[PDB]
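To be precise, the following lines are entry.txt, and they hold compact mmCIF, C-alpha atoms.
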```
# COMPACT_ATOMS: atom_id res chain seq x y z
CA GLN B 1 97.82 140.29 79.76
CA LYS B 2 97.76 139.00 76.17
CA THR B 3 94.72 137.79 74.22
CA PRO B 4 94.90 134.15 72.97
CA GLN B 5 94.93 133.39 69.24
CA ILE B 6 92.97 130.28 68.29
CA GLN B 7 93.06 127.85 65.36
CA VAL B 8 90.65 124.92 65.07
CA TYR B 9 91.67 122.35 62.45
CA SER B 10 92.05 118.64 61.67
CA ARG B 11 95.30 116.66 61.57
CA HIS B 12 94.40 115.13 58.19
CA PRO B 13 92.19 116.48 55.37
CA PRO B 14 88.66 115.63 56.53
CA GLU B 15 86.39 113.01 54.98
CA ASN B 16 82.90 112.30 56.34
CA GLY B 17 82.84 108.97 58.20
CA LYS B 18 86.63 108.75 58.53
CA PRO B 19 88.24 108.92 62.02
CA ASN B 20 90.56 111.92 62.41
CA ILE B 21 92.15 114.21 65.00
CA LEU B 22 90.77 117.68 65.75
CA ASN B 23 93.23 120.25 67.09
CA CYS B 24 92.78 123.46 69.04
CA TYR B 25 96.00 125.46 68.90
CA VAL B 26 96.00 128.31 71.41
CA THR B 27 98.78 130.86 71.01
CA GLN B 28 100.12 134.31 72.02
CA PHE B 29 98.61 134.41 75.53
CA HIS B 30 99.76 135.61 78.97
CA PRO B 31 99.48 134.87 81.93
CA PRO B 32 100.05 131.09 81.52
CA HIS B 33 96.81 130.01 83.28
CA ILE B 34 94.13 129.14 80.72
CA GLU B 35 91.04 126.94 80.36
CA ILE B 36 90.22 125.05 77.18
CA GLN B 37 87.17 122.95 76.26
CA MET B 38 86.23 121.23 73.01
CA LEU B 39 82.58 120.86 72.01
CA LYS B 40 80.67 118.49 69.74
CA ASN B 41 77.27 119.93 68.73
CA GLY B 42 77.55 122.34 71.68
CA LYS B 43 78.32 119.69 74.31
CA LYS B 44 81.72 119.20 75.99
CA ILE B 45 83.83 116.29 74.72
CA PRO B 46 84.90 114.31 77.83
CA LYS B 47 88.42 112.99 77.08
CA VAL B 48 90.35 116.03 75.82
CA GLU B 49 94.12 115.59 75.58
CA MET B 50 96.11 118.64 76.66
CA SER B 51 99.73 119.10 75.67
CA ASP B 52 102.16 120.45 78.26
CA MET B 53 102.75 124.21 78.59
CA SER B 54 105.38 125.84 76.39
CA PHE B 55 106.29 129.35 75.19
CA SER B 56 107.76 131.04 72.11
CA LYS B 57 110.79 133.33 71.68
CA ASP B 58 108.47 136.34 72.19
CA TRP B 59 107.67 135.08 75.74
CA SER B 60 104.01 134.27 74.99
CA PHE B 61 102.64 130.83 75.89
CA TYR B 62 101.08 128.17 73.64
CA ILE B 63 99.21 124.87 74.01
CA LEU B 64 97.63 122.16 71.84
CA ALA B 65 94.30 120.58 72.76
CA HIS B 66 93.26 117.56 70.69
CA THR B 67 90.52 114.91 70.53
CA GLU B 68 89.56 111.85 68.48
CA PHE B 69 86.67 112.64 66.12
CA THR B 70 84.73 111.25 63.16
CA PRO B 71 83.23 114.21 61.24
CA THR B 72 79.82 114.04 59.55
CA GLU B 73 77.86 116.44 57.31
CA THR B 74 75.59 117.37 60.25
CA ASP B 75 77.92 117.65 63.26
CA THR B 76 79.69 120.88 64.22
CA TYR B 77 82.83 121.17 66.37
CA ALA B 78 84.23 123.99 68.52
CA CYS B 79 86.90 125.11 70.97
CA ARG B 80 86.03 127.18 74.04
CA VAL B 81 88.84 129.25 75.57
CA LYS B 82 88.72 131.02 78.95
CA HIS B 83 91.49 133.47 79.81
CA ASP B 84 92.16 136.48 82.09
CA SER B 85 92.50 138.78 79.05
CA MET B 86 88.99 138.09 77.70
CA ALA B 87 85.73 139.35 79.26
CA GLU B 88 83.75 136.39 77.88
CA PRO B 89 84.84 132.89 76.72
CA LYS B 90 85.73 132.85 73.02
CA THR B 91 84.38 129.99 70.95
CA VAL B 92 85.67 129.33 67.44
CA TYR B 93 84.00 126.72 65.24
CA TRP B 94 85.76 124.22 63.01
CA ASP B 95 85.72 125.18 59.33
CA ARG B 96 86.71 122.38 56.92
CA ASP B 97 87.98 124.96 54.44
CA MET B 98 90.40 126.56 56.92
CA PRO E 1 122.45 125.24 60.86
CA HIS E 2 121.62 123.93 64.35
CA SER E 3 120.48 125.06 67.81
CA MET E 4 119.92 124.00 71.39
CA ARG E 5 117.53 125.90 73.65
CA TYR E 6 116.25 125.71 77.20
CA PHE E 7 112.98 127.51 77.96
CA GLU E 8 112.30 128.03 81.66
CA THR E 9 109.21 129.32 83.46
CA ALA E 10 108.48 129.89 87.13
CA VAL E 11 104.97 130.99 88.10
CA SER E 12 103.91 132.12 91.59
CA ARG E 13 100.86 130.77 93.42
CA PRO E 14 98.60 132.86 95.72
CA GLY E 15 99.39 132.08 99.33
CA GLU E 16 105.24 127.59 96.37
CA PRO E 17 106.03 128.46 92.72
CA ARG E 18 105.74 125.92 89.91
CA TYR E 19 108.87 125.53 87.78
CA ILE E 20 108.93 124.12 84.25
CA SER E 21 111.99 123.67 82.04
CA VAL E 22 111.79 122.62 78.39
CA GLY E 23 114.78 121.69 76.23
CA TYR E 24 114.85 121.93 72.44
CA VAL E 25 117.27 120.59 69.80
CA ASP E 26 116.63 122.13 66.36
CA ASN E 27 113.18 123.35 67.52
CA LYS E 28 112.06 119.84 68.63
CA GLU E 29 111.28 119.24 72.31
CA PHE E 30 113.67 116.62 73.74
CA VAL E 31 113.69 117.06 77.55
CA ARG E 32 111.15 118.37 80.07
CA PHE E 33 111.10 119.05 83.81
CA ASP E 34 107.91 119.78 85.75
CA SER E 35 107.88 120.53 89.49
CA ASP E 36 104.14 119.74 89.76
CA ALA E 37 104.80 116.07 88.91
CA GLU E 38 104.56 113.30 91.54
CA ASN E 39 108.31 112.68 91.25
CA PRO E 40 109.99 115.75 89.62
CA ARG E 41 112.55 114.64 87.02
CA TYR E 42 113.90 115.50 83.58
CA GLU E 43 112.08 113.15 81.20
CA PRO E 44 112.96 112.17 77.60
CA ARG E 45 110.61 113.81 75.07
CA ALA E 46 112.29 112.30 72.03
CA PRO E 47 112.84 108.54 71.37
CA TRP E 48 116.56 109.05 70.59
CA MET E 49 116.89 110.65 74.03
CA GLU E 50 116.39 107.27 75.75
CA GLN E 51 120.05 106.55 74.86
CA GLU E 52 121.25 108.38 77.99
CA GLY E 53 121.79 106.50 81.27
CA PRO E 54 120.30 106.94 84.78
CA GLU E 55 123.21 109.16 85.85
CA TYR E 56 122.46 111.68 83.08
CA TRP E 57 118.84 112.17 84.16
CA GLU E 58 119.78 112.43 87.84
CA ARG E 59 122.45 115.05 87.11
CA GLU E 60 120.03 117.08 84.97
CA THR E 61 117.24 116.67 87.57
CA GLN E 62 119.46 118.09 90.33
CA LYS E 63 120.43 121.06 88.15
CA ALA E 64 116.70 121.70 87.59
CA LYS E 65 116.18 121.65 91.36
CA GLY E 66 118.85 124.35 91.60
CA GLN E 67 117.19 126.46 88.91
CA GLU E 68 113.83 126.15 90.71
CA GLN E 69 115.46 127.53 93.88
CA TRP E 70 117.28 130.23 91.90
CA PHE E 71 113.91 131.25 90.40
CA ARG E 72 112.34 131.51 93.88
CA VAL E 73 115.00 133.86 95.28
CA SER E 74 114.88 135.98 92.11
CA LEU E 75 111.07 136.23 92.36
CA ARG E 76 111.50 137.60 95.89
CA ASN E 77 114.10 140.13 94.69
CA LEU E 78 111.81 141.27 91.86
CA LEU E 79 108.98 141.99 94.33
CA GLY E 80 111.39 144.30 96.19
CA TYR E 81 112.45 146.14 93.02
CA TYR E 82 109.03 146.77 91.46
CA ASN E 83 107.54 147.51 94.89
CA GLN E 84 105.05 144.65 94.89
CA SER E 85 104.23 142.50 97.94
CA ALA E 86 104.13 138.78 98.75
CA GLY E 87 102.42 136.91 97.46
CA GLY E 88 100.40 137.27 94.28
CA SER E 89 100.72 135.69 90.84
CA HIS E 90 103.87 136.46 88.85
CA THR E 91 105.83 135.02 85.94
CA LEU E 92 109.58 134.74 85.44
CA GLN E 93 110.93 133.24 82.23
CA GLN E 94 114.34 132.54 80.71
CA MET E 95 115.72 131.59 77.30
CA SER E 96 119.23 130.23 76.87
CA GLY E 97 121.10 128.31 74.19
CA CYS E 98 123.56 128.31 71.32
CA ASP E 99 123.31 128.53 67.54
CA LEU E 100 125.70 126.41 65.48
CA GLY E 101 126.81 126.91 61.88
CA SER E 102 127.14 124.01 59.41
CA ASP E 103 130.82 123.86 60.43
CA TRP E 104 129.62 123.02 63.98
CA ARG E 105 131.25 126.11 65.51
CA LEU E 106 129.51 128.73 67.70
CA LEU E 107 127.44 131.29 65.79
CA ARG E 108 125.58 132.92 68.69
CA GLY E 109 124.85 132.38 72.40
CA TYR E 110 121.63 133.49 74.08
CA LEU E 111 120.61 134.49 77.59
CA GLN E 112 117.50 136.55 78.30
CA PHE E 113 115.00 136.98 81.14
CA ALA E 114 111.42 138.23 81.23
CA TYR E 115 109.26 139.37 84.13
CA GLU E 116 105.45 139.45 83.79
CA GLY E 117 105.77 138.46 80.11
CA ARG E 118 107.96 141.39 79.01
CA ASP E 119 111.74 141.86 78.56
CA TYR E 120 113.79 142.21 81.76
CA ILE E 121 117.49 141.64 81.06
CA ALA E 122 119.42 140.16 78.15
CA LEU E 123 123.01 139.13 77.54
CA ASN E 124 124.36 140.84 74.41
CA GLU E 125 125.80 138.99 71.38
CA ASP E 126 129.30 139.79 72.73
CA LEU E 127 128.57 137.63 75.83
CA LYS E 128 130.15 140.31 78.06
CA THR E 129 127.72 143.23 78.48
CA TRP E 130 124.08 143.42 79.59
CA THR E 131 121.12 145.36 78.22
CA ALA E 132 118.40 146.13 80.80
CA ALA E 133 114.84 146.70 79.60
CA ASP E 134 113.68 149.00 82.44
CA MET E 135 114.70 150.78 85.66
CA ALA E 136 114.45 147.74 87.96
CA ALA E 137 116.58 145.54 85.68
CA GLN E 138 119.28 148.21 85.93
CA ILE E 139 119.78 147.16 89.57
CA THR E 140 120.32 143.58 88.30
CA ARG E 141 122.64 144.87 85.54
CA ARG E 142 125.02 146.75 87.86
CA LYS E 143 124.91 143.86 90.35
CA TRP E 144 125.97 141.42 87.61
CA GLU E 145 128.75 143.67 86.26
CA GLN E 146 130.40 143.86 89.68
CA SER E 147 130.12 140.10 90.30
CA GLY E 148 130.97 139.20 86.68
CA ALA E 149 128.05 136.88 85.96
CA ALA E 150 128.60 137.30 82.21
CA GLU E 151 131.75 135.14 82.27
CA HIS E 152 129.96 132.11 83.75
CA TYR E 153 127.26 132.10 81.05
CA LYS E 154 129.92 132.75 78.39
CA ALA E 155 131.67 129.55 79.52
CA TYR E 156 128.44 127.54 79.29
CA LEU E 157 127.47 129.01 75.91
CA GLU E 158 130.91 128.34 74.37
CA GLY E 159 131.50 125.07 76.27
CA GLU E 160 128.80 122.68 77.51
CA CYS E 161 126.08 124.09 75.21
CA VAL E 162 128.13 123.49 72.05
CA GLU E 163 129.74 120.18 73.11
CA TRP E 164 126.48 118.55 74.27
CA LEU E 165 124.51 119.80 71.24
CA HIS E 166 127.12 117.89 69.21
CA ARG E 167 126.36 114.75 71.25
CA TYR E 168 122.58 115.18 70.80
CA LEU E 169 122.90 115.73 67.04
CA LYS E 170 124.89 112.49 66.80
CA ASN E 171 122.35 110.50 68.83
CA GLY E 172 119.37 111.55 66.68
CA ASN E 173 120.45 111.69 63.03
CA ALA E 174 117.51 109.55 61.83
CA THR E 175 114.98 112.09 63.17
CA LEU E 176 116.68 115.49 63.59
CA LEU E 177 118.27 115.36 60.12
CA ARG E 178 115.27 113.49 58.58
CA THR E 179 112.82 115.43 56.38
CA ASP E 180 109.15 115.16 55.46
CA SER E 181 108.09 117.02 52.32
CA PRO E 182 104.89 119.09 52.25
CA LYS E 183 102.17 117.47 50.16
CA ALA E 184 100.56 120.55 48.65
CA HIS E 185 97.15 121.10 47.09
CA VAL E 186 94.96 124.10 46.26
CA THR E 187 91.32 124.72 47.16
CA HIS E 188 88.67 126.93 45.58
CA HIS E 189 86.00 128.89 47.48
CA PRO E 190 83.77 131.29 45.47
CA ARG E 191 82.84 134.51 47.29
CA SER E 192 80.98 137.86 47.08
CA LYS E 193 81.66 140.09 43.99
CA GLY E 194 82.69 137.43 41.44
CA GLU E 195 85.79 136.83 43.53
CA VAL E 196 87.25 133.49 44.61
CA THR E 197 89.53 132.61 47.51
CA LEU E 198 92.35 130.43 46.19
CA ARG E 199 93.93 128.69 49.18
CA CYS E 200 97.26 126.88 48.98
CA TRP E 201 97.71 124.13 51.57
CA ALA E 202 100.98 122.67 52.81
CA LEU E 203 100.43 119.61 54.99
CA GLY E 204 102.53 117.03 56.83
CA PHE E 205 105.94 118.71 56.59
CA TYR E 206 108.96 118.53 58.92
CA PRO E 207 110.71 120.72 60.03
CA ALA E 208 108.31 123.64 60.62
CA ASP E 209 110.18 126.26 58.57
CA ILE E 210 108.39 126.94 55.27
CA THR E 211 107.48 129.77 52.86
CA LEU E 212 104.25 130.12 50.88
CA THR E 213 103.88 132.69 48.07
CA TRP E 214 101.49 133.47 45.21
CA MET E 215 97.27 137.87 51.29
CA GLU E 216 96.00 135.90 54.30
CA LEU E 217 98.68 133.73 55.89
CA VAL E 218 97.92 131.81 59.09
CA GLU E 219 100.67 130.97 61.58
CA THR E 220 102.25 127.51 61.27
CA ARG E 221 100.43 124.95 63.40
CA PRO E 222 101.31 121.46 64.69
CA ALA E 223 99.44 118.52 63.15
CA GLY E 224 99.98 116.62 66.42
CA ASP E 225 101.75 113.64 64.83
CA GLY E 226 105.15 115.36 64.60
CA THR E 227 104.45 117.21 61.34
CA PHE E 228 103.26 120.76 60.62
CA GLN E 229 100.57 122.61 58.63
CA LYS E 230 100.24 126.04 57.01
CA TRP E 231 98.18 127.77 54.32
CA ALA E 232 98.17 130.99 52.29
CA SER E 233 95.24 132.52 50.42
CA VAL E 234 94.55 135.25 47.86
CA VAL E 235 91.38 136.84 46.46
CA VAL E 236 91.10 136.25 42.71
CA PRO E 237 88.43 137.03 40.07
CA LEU E 238 87.24 134.33 37.61
CA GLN E 239 93.18 131.70 37.67
CA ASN E 240 96.62 132.52 36.27
CA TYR E 241 98.01 132.74 39.81
CA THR E 242 100.53 130.13 40.96
CA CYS E 243 101.26 129.08 44.53
CA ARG E 244 104.93 128.49 45.36
CA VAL E 245 106.04 126.29 48.25
CA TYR E 246 109.63 126.47 49.51
CA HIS E 247 110.85 123.75 51.92
CA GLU E 248 114.11 121.98 52.88
CA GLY E 249 112.72 118.50 52.13
CA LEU E 250 111.85 119.56 48.58
CA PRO E 251 114.43 118.80 45.85
CA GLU E 252 112.65 121.40 43.70
CA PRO E 253 110.31 124.10 45.07
CA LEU E 254 106.70 123.13 44.25
CA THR E 255 104.63 125.21 41.82
CA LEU E 256 100.86 124.61 41.65
CA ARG E 257 97.59 126.12 40.41
CA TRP E 258 93.85 125.51 40.87
CA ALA Y 1 122.54 119.81 79.07
CA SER Y 2 120.78 122.50 81.12
CA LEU Y 3 122.28 125.72 82.52
CA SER Y 4 122.94 126.58 86.17
CA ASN Y 5 122.53 130.30 86.84
CA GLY Y 6 124.98 132.16 89.05
CA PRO Y 7 124.04 135.43 90.85
CA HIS Y 8 120.31 136.05 91.35
CA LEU Y 9 118.32 138.91 89.80
```
Could I get this structure in the form of structure tokens?
Amino acid sequence: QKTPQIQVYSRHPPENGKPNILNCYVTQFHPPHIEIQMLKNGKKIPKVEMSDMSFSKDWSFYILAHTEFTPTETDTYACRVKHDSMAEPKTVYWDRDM
Amino acid sequence: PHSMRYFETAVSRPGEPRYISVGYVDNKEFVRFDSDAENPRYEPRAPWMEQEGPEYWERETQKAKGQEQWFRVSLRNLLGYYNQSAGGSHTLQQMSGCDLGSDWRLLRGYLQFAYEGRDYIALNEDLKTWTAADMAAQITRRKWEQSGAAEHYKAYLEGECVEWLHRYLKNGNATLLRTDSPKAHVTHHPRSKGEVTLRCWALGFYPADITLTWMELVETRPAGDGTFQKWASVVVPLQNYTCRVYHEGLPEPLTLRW
Amino acid sequence: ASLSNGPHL
């Protein structure tokens, strides 16, 4: 059992009001079964695109979750990850500066 | 420098195992097989891969159906070795492929297996001998020395692997050889103590290989459009530090400041 | 072009 590493980030540099793509890149986990949600303001975004399962040369699995989004100064965004290695779901919020 | 890789996974269900095979050419996904699909088939994952005819896909599909069955029987053998029972949830993985030099000749061939996410058995660089990771894999090792399994993989790795990688590299020059340079900028985030976090961004570059120097350094991430992202950061007082970006698509390595 | 394994584990 390996703990997932998460990165939440945008495809393009973010500008308020401009449509963009928000990515959740989950990495370094095992077993392959995992559950990923993406939240706007704390509520689940309905149409979340999942990439197909892959793994790296170190055997660990990785996956990209992504959604359409138009960021604003008020709205927050997050990725919720559920995995056998973690007691509780880990949520990591989007930081424009990272 | 070039490479072809096939990454295979078979995972057991509680109470038929799912089999997934993913092919790579120079670290870009180009073919994929999934047993969970409505009609299991190798599918093109690159636009230049649509060159190949219906006989190619059928031939590759059938070979995937053989691997799936190979992975089932091996899963059953593993249960016997590690003294587990049927049937829980288990993972068997394999990596295979060939590295090519710029002269298009064989540099290295790979063949390695993993059970439950950790090393099981690997073929050595010589393509003749086996290294077993633990006691159970030793049974496999001695079984494969007697039956000379090493020679079969050696033939693939020096033959089909190399000769088809050549064909794939021909068919996709406009995308596999193509480059996208990192557009780099530097951001400024004041912090506690009189310190500032200078953060050098590299965005929209292909291929993924890159080096950032000036120390927090996040792992390279996909942008989702085909290109890649990465950043490096240092803690600086009140700005004579320079970020250096090294990438294949860059005529000169970029040097930038805040 | 994918590989076809020989002897099982």
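Between CA of residue 73 in chain E and CA of residue 6 in chain Y there is a distance of 11.9 Å.
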- request: Pull out every residue of chain B sitting within 10 Å of chain E, counting only C-alpha atoms, and send them as JSON, numbers by chain.
  value: {"B": [1, 2, 5, 7, 8, 9, 10, 11, 12, 13, 21, 22, 23, 24, 25, 26, 27, 29, 30, 31, 32, 33, 51, 52, 53, 54, 55, 56, 57, 58, 59, 60, 61, 64, 65, 66, 97, 98]}
- prompt: What does the distance between CA of residue 8 in chain Y and CA of residue 10 in chain E come to in Å, to one decimal place?
  reply: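 For CA of residue 8 in chain Y relative to CA of residue 10 in chain E, the distance reads 14.0 Å.
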message: Here is a test: counting only C-alpha atoms, which residue of B:96, B:4, B:42, B:34 is nearest to residue 72 in chain B?
response: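 Comparing B:96, B:4, B:42, B:34 against residue 72 in chain B, the winner is B:96.
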Chain E residues near chain Y within 7 Å, closest pair each, using all atoms listed in the file, as a Markdown table:
```
| residue | atom | partner | partner_atom | distance |
| --- | --- | --- | --- | --- |
| E:6 | CA | Y:2 | CA | 6.8 |
| E:60 | CA | Y:2 | CA | 6.7 |
| E:63 | CA | Y:4 | CA | 6.4 |
| E:67 | CA | Y:4 | CA | 6.4 |
| E:70 | CA | Y:8 | CA | 6.6 |
| E:73 | CA | Y:8 | CA | 7.0 |
| E:74 | CA | Y:9 | CA | 5.1 |
| E:77 | CA | Y:9 | CA | 6.6 |
| E:140 | CA | Y:9 | CA | 5.3 |
| E:149 | CA | Y:6 | CA | 6.4 |
| E:161 | CA | Y:1 | CA | 6.8 |
| E:164 | CA | Y:1 | CA | 6.3 |
```
task: Compare E:244, E:141, E:18, E:2 by their minimum atom-to-atom distance to residue 102 in chain E, counting all atoms listed in the file, and give me the closest one.
output: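 The shortest atom-to-atom distance to residue 102 in chain E comes from E:2.
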